[PDB]
Amino acid sequence: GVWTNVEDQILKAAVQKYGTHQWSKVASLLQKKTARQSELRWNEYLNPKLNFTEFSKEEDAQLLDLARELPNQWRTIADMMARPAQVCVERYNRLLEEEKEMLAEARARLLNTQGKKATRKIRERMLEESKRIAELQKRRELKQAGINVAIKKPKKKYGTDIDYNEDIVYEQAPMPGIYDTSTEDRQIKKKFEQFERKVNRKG
Amino acid sequence: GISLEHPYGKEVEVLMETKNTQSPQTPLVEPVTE
Amino acid sequence: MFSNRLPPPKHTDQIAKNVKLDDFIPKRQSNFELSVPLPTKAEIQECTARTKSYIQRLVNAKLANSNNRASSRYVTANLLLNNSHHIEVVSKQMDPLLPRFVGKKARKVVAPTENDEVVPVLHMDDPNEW
Amino acid sequence: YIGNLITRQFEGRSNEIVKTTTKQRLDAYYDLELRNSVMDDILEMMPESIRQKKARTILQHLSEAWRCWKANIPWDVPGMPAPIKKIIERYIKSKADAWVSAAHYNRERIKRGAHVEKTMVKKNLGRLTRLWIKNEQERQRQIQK
Amino acid sequence: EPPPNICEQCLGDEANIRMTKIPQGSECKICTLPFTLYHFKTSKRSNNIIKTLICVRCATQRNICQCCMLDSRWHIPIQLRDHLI
Amino acid sequence: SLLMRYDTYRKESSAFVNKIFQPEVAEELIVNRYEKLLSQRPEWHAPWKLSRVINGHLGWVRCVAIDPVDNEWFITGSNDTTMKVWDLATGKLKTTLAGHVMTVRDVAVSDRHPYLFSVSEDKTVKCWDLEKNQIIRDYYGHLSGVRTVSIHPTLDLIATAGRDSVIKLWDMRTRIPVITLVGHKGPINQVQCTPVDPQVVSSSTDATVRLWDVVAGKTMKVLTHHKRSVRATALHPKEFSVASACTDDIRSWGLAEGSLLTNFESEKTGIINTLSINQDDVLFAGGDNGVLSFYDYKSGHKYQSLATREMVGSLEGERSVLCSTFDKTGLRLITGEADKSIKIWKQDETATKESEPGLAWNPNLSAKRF
Amino acid sequence: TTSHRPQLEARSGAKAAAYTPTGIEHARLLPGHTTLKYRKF
Amino acid sequence: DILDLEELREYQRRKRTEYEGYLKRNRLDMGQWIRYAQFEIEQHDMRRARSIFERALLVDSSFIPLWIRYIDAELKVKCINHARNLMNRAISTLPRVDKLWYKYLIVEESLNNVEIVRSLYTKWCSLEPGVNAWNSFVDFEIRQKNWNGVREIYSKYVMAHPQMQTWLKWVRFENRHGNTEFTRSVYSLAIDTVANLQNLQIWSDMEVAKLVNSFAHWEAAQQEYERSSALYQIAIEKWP
Amino acid sequence: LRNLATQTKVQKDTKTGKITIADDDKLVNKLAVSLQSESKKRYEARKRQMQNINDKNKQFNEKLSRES
Ligand SMILES: [Zn+2]
Ligand SMILES: [Zn+2]
């Protein structure tokens, strides 16, 4: 079963995300391929560490000697040559003489970073802000109509829940040092009340 | 010196203790008698 | 001495008050044989008795306030208010079929970490390797 | 029984139930304590005392080393400091020794007919097949060497 | 454990007052935490029963009586006191 | 001014530092401190050497305790969750105590009762009746793994602490946690009980040692001189003092005051996992790098440096020393180590102050801690 | 994944110390071994 | 976005609930604490901002960017005396961190409150810091042109860091300002101290050589060939 | 100190025990303005550096390129 160029590119892009121990995830993209075949394709053709370059004269001597010292044991010979096995067997023989849709799914899956429930969570946040802006705009319309509705505070999930506007929730005042802070305290109070009047009238 | 027979050297006792030399019910502090 | 051998020429306190050098310096370095005496038995037995009585009061409080009726087996009235009034303090017998502590509940509390005293920290003076 | 029930009805439930180490929680608590042990050692020996992000990085290297040990893949991270490498290998070897001890003990229980959980049997199968392949790989490599 | 903070105007003018102590008998009106309840009557045949409504540490924080929440020196309510100061 | 003073002194000339320079108190100058440090001589102590190696634990040896009454046996806890009792004379295995499901982190034998107390990473605190070799009491309420136990010398009380950043004092009999001491900002590594106030001493990953009033539930003193986690601590058996260690930094403290007594010559020693103090004023510090260091207690002088050698099949990182104790006579050191062995060391009887003087006394002024 | 996290710090036992017990009788806290042994000395 | 005070209250409730939830679930994220405090500074509510910084310090008092943020936040809103209390506290808890000392010094120097800059340097140097503090102190006094203050500092400096590079710093200061008599006296005091304290072994032989070498060369440049040549004779008699 | 150079009384209240400083409002305001403006400059410079599959993923790849 021939491997297409598009399938090879999908496999490389998938291994960039998933590594070399999650072949069932790789095969969920390659619709006509199994995980077993995908691991084979990587390990024997597409892994960049594989040395497919032409043999040196020393390598041809080494390969012929090993093929005498370890007869037919081509995975062992290959591991010693540090080259693919089918390369070593072919060398030994020489010396002795619609697919766009799958790619679209591939790009869509691999460029998705979020996962399922995080996507549902951002959707939920969108809906919550939609409902908040609904209340806000309705309150503004009714305010223009001259019927001043107050904004509804959130419901307490449990009996001891906190409204963080009513109090400075766990106030830890600065411990009083040697220097008198009074003048700048009343200045800060002036600043805060000025800001409050400003936001009341200017928004 | 130091050798494969005695990695720690001749002066050091090396023990390979696998087995309890007391019955498990033997007290470690003998009960008092008066 | 040495300079005389040569011939003559022919031609405010409040800043960081908790920190002091006396705390950084080890006391025993100028005197190795400084004694650091063990407490005598007169100290040991006194504080032992004090601590034992306190710990047994805590054991008694934990036991007596438990709901097990058997807990009392292992357990080992006047006030002056505003200087004028003499108060007779009683504690009437509770209905044994009602809860013993009416105000008691499981409730969480965040305790304030208030502290007036600042504690000094008293230290002294190739990144690719790490 | 009824006293505790009615106490829960009036007083409510205690805020601070401390779960004990039962055999369902054993492995998770082992992981937490091992993680804290590795982190204590490395944060003590590092000269710069930089903590917040460095800890989460280091323990990922620990977990990767454990995966490599179970795979019998050689764990070797280029540019890892030699002392931190030694610390990680130290804790991986202790976890490995405990893991193989648990494998031995559960195998003995299974072959006796002693009480073993249904999931524990296939867990033991798993561990023992790791150990058999690891030993066969060591044998094959020593033949080559 | 601190003593109860009760003013003379609550206690009255009888030479002796019997008082009933109940550990963890009540929940404080200010802080909701349990406390040792004290309750008494000004005389045996008075028909109204007076009790501590707030705990001792809330009372010392505010310098007030536990039984009527007026200032334990000036015998005036907190709002009027803080306004006066 | 100094120079006019120097000139009138030169005219008069027709120690030196204290006449020309003027502190308010003499030791404020560095030269006076170095002078009075360098004049003194540390006491000579004989070198230690390895006597015996015991193997038989299946994990790392994490704690040791000697028989505090008859000196006849010692007990060790391990990563293999067992405890093993060893005959100190022969080194042979007496019995194995199997009552924990995780690492036994500390063991303590009471000198007033026939009880062994043990604590574990499985969050339990267990008391063993040594007249039966059986657990008789469990102490419950630690949120996390317990790292240490200490038995109070006079009260029927124990102290325990761990990752939950508190010390809990337990009445032995009722098993109630009578007192919880709060104030540490991180895991507590060591706890030492003491016969007078401060009755508990504790060391932590927050780099503090704390001295406690157990009746107030408050610190007497907080000691903040350490830079790292204070992993190791020991009481001196014959003077009212405690030693404590970081990486490269061993210090000694007077418990009556909470005052720094001594900085030791602990530079370039690595993580210190364990401390032990001898009645002969030897302080032992066991390195995580496997270096045994021995010090004179009163001087802080590092008189010997000695290398652990691991069992043949070990990794290099297994050279770590993890726990130690002196025996009761103070002439054996027991060490438990990451190579799963127990090593016993004895002081060399063949040595003399002329025959083997040890490492020379030469306090380095460049290391300003002295 | 974000529900599934390592332990950065452990829960402090100082929090449990801040409020009182609620009177549940646990079986393991019932009386037992109520007398301490002491040594010969 | 926001047109009304009530709408501001709604916004502030939502954001405060967010920040407080995250800091409840994970208090040790100091950056999260910092940006919550920054949020409250944006609301102009300095009481809340101060409270958040204080709580953050209670979580971790050793973290220096949190201290610097709090101090800078106080100064940015002209609350100088709050900042003064805060910086004094900062150095009081962490006296060995140079950055906090420099932060206090530079702000009091920017306000030309010279006396307490001097007092800060005096208190700092009394605690035996590293050489950077003493160097900064002499730099301060020369930039104030308070010369005999520099002499007093170098007098105390040499008994805090007695290695020879400190002495040569003092002789450099006296030399390049042209005070020949003071230069001779400080050089002579240096050789006096190395002779009288020889048995303590404070200085290397190369280091002692560097001292007396430079003194001889200076005396030669002063045209005192007899004194300089004699100095070597006495030194050779002392240090064979 | 360089930047500071280029651009160019004390009492204790008995009734509170607290020190008072008589410092000039011009210098206080100028210190606040200097801190604000330097914060802005640092912030914007870091923004300009930031502006030169996902944002975090490319930051991780850049970190790995710094590692090498
Ligand atoms: Zn209250
Ligand atoms: Zn009243």
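No value in this document is a laboratory result; all are computed from the given coordinates. Here Cβ is always computed from backbone atoms with ideal geometry, including for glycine, and neighbour counts include all displayed protein chains.
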Provide the net charge surrounding D:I133, with neighbours chosen by a C-beta distance below 14 Å and charges set as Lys +1, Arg +1, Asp -1, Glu -1.
+4
Positive-pole candidate from A:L40, F:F21, E:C67, dipole of the protein assembly as shown, charges at beta carbon:
E:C67
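Grab the DSSP H runs of chain F that are 4 residues or longer, score each as -39,500 (n - 2.57), total them, divide by all residues and round the 222 nm result to the nearest 500 deg cm²/dmol.
Numbers: 3 runs with 25 residues, N = 370.
Mean residue ellipticity, 222 nm, calculated: -2000 deg cm²/dmol.
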Consider a paramagnetic label point 7 Å from the Cα of F:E356 along Cα→Cβ; state which residues of segment F:325-348 have an amide N under 19 Å from it.
F:326-327, F:330-335, F:343-348
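What FRET efficiency do you get for I:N29 and C:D23 if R0 is 35 Å and r is their Cβ-Cβ distance, rounded to the nearest 0.05?
Details: r = 40 Å, r/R0 = 1.13.
Once the sixth-power term is evaluated, E becomes 0.30.
For a quick protection proxy, order the peptides A:143-155, F:47-59, F:104-116 by their average other-Cβ count within 10 Å, most packed first. It would help to have the intermediate numbers written out before the result.
Working: A:143-155: 9.8, F:47-59: 19.5, F:104-116: 22.4.
Peptide ranking by packing, descending: F:104-116, F:47-59, A:143-155.
How large is the helix-only mean residue ellipticity at 222 nm for chain D, computed as the sum of -39500 (n - 2.57) over DSSP H runs with n ≥ 4, divided by its residue count, in deg cm²/dmol to the nearest 500? If you can, show how the numbers build up before the last one.
Details: 5 runs with 105 residues, N = 145.
The per-residue figure over chain D is -25000 deg cm²/dmol.
If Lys and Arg each add +1 and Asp and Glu each add -1, what is the summed charge of the other residues whose beta carbon sits under 11 Å from the beta carbon of H:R151?
Details: positive: H:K156; negative: H:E141, H:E152, H:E174.
Combined, the nearby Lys, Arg, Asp and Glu give -2.
Give the peptides F:152-160, A:34-42 in descending order of average Cβ contacts within 10 Å, highest first. Display every interim value, and only then the final one.
Working: F:152-160: 21.6, A:34-42: 16.8.
Highest-to-lowest ranking by the protection proxy: F:152-160, A:34-42.
Please state the charge dipole magnitude for segment F:3-100, taken about the Cα centre, from unit charges on C-beta atoms (+1 on K and R, -1 on D and E), reported in debye and rounded to the nearest 20. Before the final figure, lay out each step's value.
On the way: 13 positive and 12 negative charges, 69 e Å.
Value, rounded to 20: 340 debye.
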What does the C-alpha gyration tensor say about the overall shape of the protein assembly as shown? Classify as rounded when a/c is under 1.5, otherwise prolate if a/b is larger than b/c, or oblate.
rounded
Karplus-derived HN-Hα couplings along segment F:54-71 (A = 6.51, B = -1.76, C = 1.60, θ = phi - 60°), whole Hz, x at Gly and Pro
10, 10, x, 6, 9, x, 4, 7, 9, 8, 9, 9, 7, 3, x, 10, 10, 6
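Among rounded, prolate and oblate, which fits segment F:134-263 when a ≥ b ≥ c are the square roots of the eigenvalues of its C-alpha gyration tensor, a/c under 1.5 means rounded, and a/b larger than b/c means prolate? Write down the numbers at each step before the final one.
Values: a/c = 1.85, a/b = 1.45, b/c = 1.27.
Since a/c reaches 1.5 and a/b is larger than b/c, the shape of segment F:134-263 is classed as prolate.
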Take every DSSP beta bridge whose two residues both sit in the protein assembly as shown, then give the antiparallel share in percent to the nearest 5.
90
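From the cross-link list D:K53/F:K123; A:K17/A:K116; H:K78/I:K40; D:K93/I:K58, which pairs have alpha carbons spaced over 26 Å apart?
Result: D:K53/F:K123; D:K93/I:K58 exceed 26 Å.
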Enumerate the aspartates and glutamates that D:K145 could reach by cross-link, defined here as Cα to Cα under 19 Å, with residues fewer than 8 away along the same chain left out.
A:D65, A:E69, A:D79, D:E136
Computed ³J(HN,Hα) along segment A:21-37: with the Karplus parameters 6.51/-1.76/1.60, θ = phi - 60°, integer Hz and x for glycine or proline, the list is 10, 9, 5, 5, 6, 4, 6, 5, 8, 7, 5, 9, 10, 8, 5, 4, 5
Simple Cβ-charge dipole of the protein assembly as shown, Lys/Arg +1 and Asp/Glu -1, about Cα centre, in debye nearest 20:
5520
Using a 10 Å cut-off around each Cβ of peptide H:130-138, what is the average number of partner chain Cβ atoms that fall inside?
1
Residues with beta-carbon under 12 Å from that of A:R109, excluding A:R109: net charge, scoring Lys, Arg +1 and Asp, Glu -1?
+2
For F:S259, other-chain or 5+-apart residues with amide H closer than 5 Å (H placed, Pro excluded) are F:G254
Within a 10 angstrom radius of each residue's Cβ in H:182-191, how many Cβ atoms of other chains show up on average? Whole number is fine.
4
Residue by residue through segment A:9-15, the couplings from Karplus 6.51 cos²θ - 1.76 cosθ + 1.60 with θ = phi - 60°, in Hz, x for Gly and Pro, are 5, 4, 5, 5, 5, 6, 5
Residues with amide H under 5 Å of F:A232's amide H, sequence separation 5 or more or different chain, H placed in the peptide plane at 1.01 Å from N; which?
F:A245
Students often check this: by mean Cβ neighbours within 10 Å, which of F:346-354, E:62-70 ranks highest, and how do the rest follow?
E:62-70, F:346-354
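Within a 10 angstrom radius of each residue's Cβ in H:83-94, how many Cβ atoms of other chains show up on average? Whole number is fine.
Values: counts 4, 8, 10, 4, 3, 9, 6, 2, 5, 10, 8, 4.
Partner-chain Cβ atoms within 10 Å, mean over residues of H:83-94: 6.
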Sum -39500 (n - 2.57) across every DSSP H segment of at least 4 residues in chain H, then divide by the residue count to get the 222 nm mean residue ellipticity, nearest 500.
-25500 deg cm²/dmol
